[PDB]
Number of protein chains: 2
Amino acid sequence: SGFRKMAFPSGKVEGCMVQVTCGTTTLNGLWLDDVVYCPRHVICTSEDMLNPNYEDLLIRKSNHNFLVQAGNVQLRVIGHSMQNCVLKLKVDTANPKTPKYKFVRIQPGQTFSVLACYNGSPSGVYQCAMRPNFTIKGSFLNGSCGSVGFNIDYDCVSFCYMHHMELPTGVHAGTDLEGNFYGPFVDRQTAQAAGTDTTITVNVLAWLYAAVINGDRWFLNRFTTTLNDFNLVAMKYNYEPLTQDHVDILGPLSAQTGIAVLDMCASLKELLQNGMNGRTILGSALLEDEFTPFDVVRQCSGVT
Amino acid sequence: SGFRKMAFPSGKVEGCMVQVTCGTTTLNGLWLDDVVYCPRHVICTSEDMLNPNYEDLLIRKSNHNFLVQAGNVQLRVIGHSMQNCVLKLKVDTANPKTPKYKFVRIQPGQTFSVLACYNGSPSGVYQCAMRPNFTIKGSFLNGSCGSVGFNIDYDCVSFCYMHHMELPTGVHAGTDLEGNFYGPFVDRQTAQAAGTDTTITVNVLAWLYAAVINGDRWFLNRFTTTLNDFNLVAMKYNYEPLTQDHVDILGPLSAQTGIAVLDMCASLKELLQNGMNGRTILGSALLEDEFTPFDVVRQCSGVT
Ligand SMILES: Cc1ccncc1NC(=O)[C@H](C)c1cncc(Cl)c1
Ligand SMILES: Cc1ccncc1NC(=O)[C@H](C)c1cncc(Cl)c1
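Residues numbered from 1 in each chain as written, not as in the entry; some residues may be left out. Chains lettered and ligands numbered in written order. Heavy atoms only, no water.

As recorded in the PDB entry, chain A goes by the name 3C-like proteinase, listed as coming from Severe acute respiratory syndrome coronavirus 2. This entry carries the title "Group deposition SARS-CoV-2 main protease in complex with inhibitors from the COVID Moonshot -- Crystal Structure of SARS-CoV-2 main protease in complex with TRY-UNI-2eddb1ff-3 (Mpro-x10900)".

This is the structure in structure tokens:
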């Protein structure tokens, strides 16, 4: 009973968080095996951030200029390299708390947990979704850079995000663990506007199934629709177009509840056209889009 | 920038989660030092739960009947006792992952993180508030019993909740770590109705300050009010009466934003009387009450 915005247990990621200092800049690093991963803008002074030449800035940096501290102990830096927008600091000690891990580049609409950190120390954990415009709506302050996004499959941690910057609109941008930014963002203190933030339709549908599973059924109606009819409504409300791939992934939820995917689309259609009329769904007064169909199945079944 | 329902990093609590089996019932336990804490209804069969006599049921139980498994290794049970609604299983090994900890009995309106577990394994973490009617709106399924609620102050884990049951309304009830239930609930499969769930006024105000801090200011108005005038409105909308203690705790937020507590009460008053008019505050279309003033300060400052 009940449905919550749930994050993965963060322990496996906490054991990887370190502090990286370069000059007078301090941010977070991720220590996996004998490598420390961090945003390359750690080599920048706030003045350098206006228009940085990272290759030229990195020439003036030696292994001894990168201070890596894990808890209270110093790690010895024996190598350094730049991979896209991340720095890889080879250290002489493999992290003994290295969990089973993978680096994955997620698709927009997918969800993940963020372990927000400051000075290599964890402050909190929350569940996020990579928006369709490739930004994340996080909670990050100065010093949070290098905090990572991840998913967990039993004992394996799939790292998918590393925080790099805050856009002037207060939304967040970052990279995968290979240093490639999600979206068109560059690691530069220049105004970068985000594109249209559309709603993750498949996720809203997944959450509507979660609501039915937990007792909130007022929104179920006597109607059905088609993929094309629904998508006309989805376009008007800046919802992502729904495809047969999306319908396919909603299959287990449709099977559990006995509510056909297109009937749920018709419930969503009427909700979009008429609003909630002062009512709530799973304690929310708006349509939630940060639960994937996989998240709903996992939470509603108790996968650990 | 940004404001999220953030949970504490769960690592310190994950290291304490164990599986407790008694007969054919399996639930979670909390292993701290050489003691395992779990709901006493682990000794019950589903038939026993209808009207259990825990003292009589525990007579038929020996130390060897309690199977405690930490990860994949078995702990030897050398003692057992009942303290209110919890069982304390003395084991022969102190948990090496025991963090610095305290047992605290929280007040309604206070928040905490929950590490939902099944078979001694963590599935996820979320932030909760103890409702004024002493229930929690969690996400728990069968097997989640023994999952704990906690807060963290730097390196110290304050355990405040242990999950015991789901009311017929889908809301959750449980105890502090001394086994005393929050609210009037008993550990019996008997219909127990919850009282009125009022809104945690001080928390909504704290969240309104968080919204101002993060840029959402549309709700600020040209009005002020008094504690008595505001409380007349609070009573009509089933909001908890605001006291000078509440005003005192909002002081740092009032000081940071330059918005007097009573002016923020007047913004809240108008929001209660006129609704949000289709608008949102911190991405929410309703007034959020599961952030205390301490949570807002912690998140808006980056305490780790
Ligand atoms: C201030 C802040 C708050 C939240 N998240 C990240 C930050 N830090 C930043 O946004 C820093 C100052 C930055 C600027 N321009 C480009 C990059 Cl890659 C990085
Ligand atoms: C089914 C379930 C779901 C979520 N949370 C707890 C549960 N378990 C329960 O509510 C159990 C069956 C229970 C019954 N009556 C009294 C107590 Cl103390 C315990």
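So that's the structure; there's more coming.
Caption draft 1: Seen up close, helix α3 (residues 201–213) of chain B. All names here are of chain B. An ideal rise of 1.5 Å per residue puts 18 Å on 13 residues; α3 measures up with 19 Å between its terminal C-alpha atoms. Judged by how many residues are buried, α3 sits mostly within the fold: 12 of 13 residues are covered. All of the buried residues along α3 are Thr201, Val202, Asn203, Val204, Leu205, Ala206, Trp207, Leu208, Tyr209, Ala210, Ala211 and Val212. Each element contacted by the buried residues of α3 is listed here: β9 (111–118), α4 (227–236), α5 (244–257), α6 (261–274) and α7 (293–301). Residue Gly215 follows α3 closely and has a positive phi angle near 110°. (Helix = DSSP H or I, 4+ residues; strand = E, 2+ residues; numbered from the N terminus. Expected span 1.5 Å × (residues − 1). Buried < 20%, exposed > 50% of the residue type's maximum accessible area, 1.4 Å probe, protein only. Contact = heavy atoms within 4.5 Å.)

Caption draft 2: Main features of the packing of aromatic side chains. If you walk through the whole model with that rule in mind, you get 18 aromatic pairs over all chains. Measuring from centroid to centroid gives 5.0 Å for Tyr37 of chain A and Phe103 of chain A, while their planes differ by 90°, and the two rings are edge-to-face. In this pair, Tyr37 of chain A is assigned in strand β3 (residues 35–39) and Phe103 of chain A in strand β8 (residues 100–103), connecting sequence segments 66 residues apart. Its relative accessible area of 8% is what places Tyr37 of chain A among the buried residues. Take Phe103 of chain A: its relative accessible area is 30%, and that puts it in the partly exposed class. The aromatic ring of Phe291 of chain B is capped on one face by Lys5 of chain B, whose charged end is 5.3 Å from the ring centroid. (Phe/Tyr/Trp six-rings, centres within 6.5 Å; stacked < 30°, edge-to-face > 60°. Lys NZ or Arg CZ within 6 Å of the ring centre and 35° of its normal.)

Caption draft 3: Molecular detail of the site of ligand 1. Residues and elements named next belong to chain A. If you check the shell around ligand 1, you find 14 residues, and the closest are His41, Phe140, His163, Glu166 and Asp187. The contact in question runs from a nitrogen atom of ligand 1 to an N or O atom on the side chain of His163, over 2.7 Å. A distance of 3.1 Å separates an oxygen atom of ligand 1 from a polar atom in the backbone of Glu166. Notes on ligand 1: free accessible area 460 Å², of which the protein chains cover 87%. A breakdown of the residues in the shell around ligand 1 according to their chemical character gives five nonpolar, six polar and three charged. (Near = heavy atom within 4 Å. Polar contact = N/O pair within 3.5 Å; in protein donor to acceptor, adjacent residues only side chain to side chain. Areas by Shrake-Rupley, 256 points an atom, 1.4 Å probe, with all protein chains shown as cover. Nonpolar A, V, L, I, M, F, W, Y, C, P; charged D, E, K, R; others polar.)

Caption draft 4: Spatial organisation of the interface of chain B and chain A. Listed per partner, the contact involves 42 residues of chain B and 42 residues of chain A. Regarding the contact of chain B and chain A, the summed buried area is about 3000 Å², with carbon and sulfur atoms giving 53% of it. Applying the counting criterion to the chain B and chain A interface returns two salt bridges. Between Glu290 of chain A and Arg4 of chain B there is a salt bridge, and its shortest N-O distance comes to 2.8 Å. At the boundary of chain B and chain A, one finds 23 residue pairs in polar contact. Listed by contribution, the elements that provide at least two residues to the side of chain B that touches chain A are α1 (11–14), β9, β10 (121–129) and α7 of chain B. Among the elements that line the side of chain B that touches chain A, the one with the most residues is β10 of chain B, at eight residues. (Buried area = accessible area lost by both parts, 1.4 Å probe. Salt bridge = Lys/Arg side-chain N within 4 Å of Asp/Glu carboxyl O.)

Caption draft 5: Highlighting the site of ligand 2. All names here are of chain B. Near ligand 2 lie 14 residues; those nearest to it are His41, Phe140, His163, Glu166 and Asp187. Residue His163 places a side-chain N or O atom 2.7 Å away from a nitrogen atom belonging to ligand 2. Of the residues contributing to the shell around ligand 2, the split by class is five nonpolar, six polar and three charged.

Caption draft 6: Structural detail: the domain arrangement of chain A. Domains assigned within chain A are domain 1 (1–14 + 100–197), domain 2 (15–99) and domain 3 (198–301). Spacing between the C-alpha centres of domain 2 of chain A and domain 3 of chain A amounts to 43 Å. (Domains from an automatic or database assignment.)

Caption draft 7: Just the relation of the copies chain B and chain A, in detail. Mapping chain B onto chain A calls for a rotation angle of 180° and an axial translation of 0.0 Å; the resulting RMSD is 0.0 Å. Expressed as a symmetry operation, the mapping of one chain copy onto the other fits a two-fold axis. Across chain B, the smallest distance between a C-alpha and the rotation axis is recorded for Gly11 of chain B, namely 1.8 Å. (Least-squares fit on C-alpha atoms.)

Caption draft 8: Inspection of the pairing of strand β1 (residues 17–22) of chain A at higher detail. All names here are of chain A. In terms of burial, β1 is a largely internal element, six of the six residues being buried. Neither face of β1 is exposed, since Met17, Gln19 and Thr21 on one face and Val18, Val20 and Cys22 on the opposite face are all buried. By the bridge criterion, six bridges tie β1 to strand β2 (residues 25–32) in an arrangement that is antiparallel. Among the inter-strand pairings, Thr21 is bridged to a residue of β2, identified as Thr26. The turn joining β1 and β2, which pair antiparallel and follow one another in sequence, is formed by two residues; a positive phi near 65° is taken by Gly23. When β1 meets strand β4 (residues 66–70), the two strands line up antiparallel, connected through four bridges. (Pairing = 2+ DSSP bridges.)

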